[PDB]
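Provided below as structure tokens are two forms of one protein chain, presented individually as structure 1 and structure 2.
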Structure 1
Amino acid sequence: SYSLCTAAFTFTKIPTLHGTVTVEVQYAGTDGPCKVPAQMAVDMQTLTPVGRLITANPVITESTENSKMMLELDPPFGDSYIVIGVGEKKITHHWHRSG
């Protein structure tokens, strides 16, 4: 059982896999190993978790700064916002699924 990371995340190499999607993040923190908060939503509306988030129980396994991470998620069709974090450093992007 781990605690969620309290630092800030980054959006590096932007991306599909004929259904699922992949995104790489960079954690600027030393509290590792913590749970990486990742989800999809429709934002400014109590970010209700939509989608599936395929990657199993993502955790920053090391206490070293600027670790890289591959995360694959199941975003819904249409426009969406891949949220990576929890708190005030929660980053958000935009997605569109094959319409």
Structure 2
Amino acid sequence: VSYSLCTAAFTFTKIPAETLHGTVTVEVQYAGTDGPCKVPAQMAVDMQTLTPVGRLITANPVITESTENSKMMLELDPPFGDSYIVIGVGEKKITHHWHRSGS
């Protein structure tokens, strides 16, 4: 039995940060009381087409009923160069530009 997607709004609490593994971490809060629900998170090449690239690493991206105002960290493996972190789906999704150095 799986959970439906989260339908409420996410916000970034701090600026995304690069890790030793070359991945990026993103700390978000969630305004909804529609939990338990599944956190949508992906990397995109551009903001208009939202073509998926890279991969989400966090294995349990789920908001629970007890989550409330606590903060969640998501970890993604972005492509080399420019891409966008996209948290959530639909009208209220949030994006942040990311650049991964190297080749």
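Think of the rigid core as the biggest set of C-alphas that the two forms share within 1.5 Å after superposition. Sequence positions of structure 1, starting at 1, serve as the residue numbers.
Engineer: Using the rigid core as the reference frame, would you say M70 shifts its C-alpha by 2 Å or more between the two structures?
Structural biologist: No, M70 moves less than 2 Å.
Engineer: On a rigid core superposition, would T46 pass a 2 Å threshold for CA movement between the two structures?
Structural biologist: Moves: yes, 2 Å or greater.
Engineer: Please state the CA displacement of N57 between the two structures in angstrom, with both forms fitted on the core.
Structural biologist: For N57, the alpha-carbon shift amounts to 3.6 Å.
Engineer: Hey, core superposed, how many Å does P33 shift at the CA between the two structures?
Structural biologist: Displacement of the C-alpha, rigid core superposed: 1.0 Å.
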